[PDB]
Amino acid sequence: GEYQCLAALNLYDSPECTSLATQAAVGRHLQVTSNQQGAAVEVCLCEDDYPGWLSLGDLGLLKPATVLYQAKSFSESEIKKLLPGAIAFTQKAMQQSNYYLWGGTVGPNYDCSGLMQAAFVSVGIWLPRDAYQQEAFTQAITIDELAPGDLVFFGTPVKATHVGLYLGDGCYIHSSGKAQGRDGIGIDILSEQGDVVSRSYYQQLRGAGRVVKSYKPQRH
């Protein structure tokens, strides 16, 4: 059935609950499946269709839904007006102590795609959870077409593995990891003239996307 989260919940990428997949903010809706494995149960968050594993203890942090989640729609022009608020969310998040948390979604500690999802949700707009899904979902544009509030994608030939929010003037805001990044939220530029972090990510640049609708996944 469908439930509302009474507290922020961790969802894991396996029944073993050793690696975080996403986090569900208080008030989100999820569906609990009959697939229980080990000490966990498979769930699927409603707003982004994102699957993961919930500890069986956390079932007491759910309240049954009698009104099912339905996604809101926005026109392209409505979305344009909301982009400044998404940007502002990221700027404020950068100012709170934070590190790069794989699966971090509720804050203050984000992963790259989790920051994007949280920023857009703050203005009412849903994105899918993972970077490759955010690229599939958004309207592909060229690098040269980037405008503030568009998403910047980085990764392998197979898929995007990283994402940031374009600010203008080649600059973007993102959460990035330890090995090549800042271990948290910061500013980089799409230029080989940038600093070593900027250069590292620039080498992996894949594409760019514009948010032209709010995500409305399929009801399973």
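Heads up: residue numbers just count along the shown sequence, starting at 1.
**Item:** Comparing 76-84 with 100-108, the one whose average Cα B-factor in the PDB entry is higher
**Value:** For C-alpha atoms only, the mean B-factor is higher in 76-84.
**Segment of higher mean CA temperature factor, 169-177 or 48-56** = Comparing averages over the C-alpha atoms only gives 48-56.
**Message:** Given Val163, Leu190, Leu68, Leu62, identify the residue with the highest C-alpha B factor in the PDB entry.
**Reply:** By C-alpha B-factor in the record, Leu62 ranks first.
**Message:** Using only the C-alpha B-factors in the record, can you name which of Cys17, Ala24, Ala208, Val197 has the highest?
**Reply:** Result of the comparison over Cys17, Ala24, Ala208, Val197: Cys17.
**Message:** Please place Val152 in the lowest, middle or highest third of its chain according to the CA B-factor in the PDB entry.
**Reply:** Lowest third - that is where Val152 ends up once the chain's C-alpha B-factors are sorted.
**Message:** Please say which third, lowest, middle or highest, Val32 falls into when its CA temperature factor is compared across its chain.
**Reply:** Highest third - that is where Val32 ends up once the chain's C-alpha B-factors are sorted.
**Message:** Based on the deposited C-alpha B factors for this chain, I'd like to know if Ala39 is in the lowest, middle or highest third.
**Reply:** CA B-factor rank for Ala39: highest third.
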